[PDB]
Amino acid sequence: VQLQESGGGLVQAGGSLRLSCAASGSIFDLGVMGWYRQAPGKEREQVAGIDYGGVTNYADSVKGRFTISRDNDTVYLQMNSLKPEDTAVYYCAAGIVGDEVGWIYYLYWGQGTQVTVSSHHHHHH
């Protein structure tokens, strides 16, 4: 019973990637699913979230670029217009909310997938 990310890799600036989060043990029925990332020297930070009703929410830094969605036992994160600042290990997590507002208690999380976004000079003048 676990989550497991896939789809990361090295991509040029402005490129696209779709991360996949496969769940076993029906663990997405916790009700709240989210993607978060951590770069070296920085802290974990949620980028997108979706609940069992399908309602999504996003961090300001990824609005208009990232899209979180779900197909039953798989949660996706469509990443478009990727920037060097998006370089981090991306984790998917599932959990619940407690008595706090705006904070999520993730019970499960995967081992993460690495996303590296590099500037690549477009040499086609």
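Quick note: we count residues from 1 along the sequence shown, nothing fancier.
Averaged over Cα atoms, the B-factor as recorded in the entry is higher for 53-61 than for the other of 53-61 and 30-38. Taking only CA atoms, the mean B-factor in the PDB entry is higher for 21-29 than for the other of 8-16 and 21-29. Per-chain ranking of the deposited C-alpha B factor places residue 122 in the middle third.
Ranked against the other modelled residues of its chain, the C-alpha B-factor of residue 74 as given in the entry falls in the highest third.
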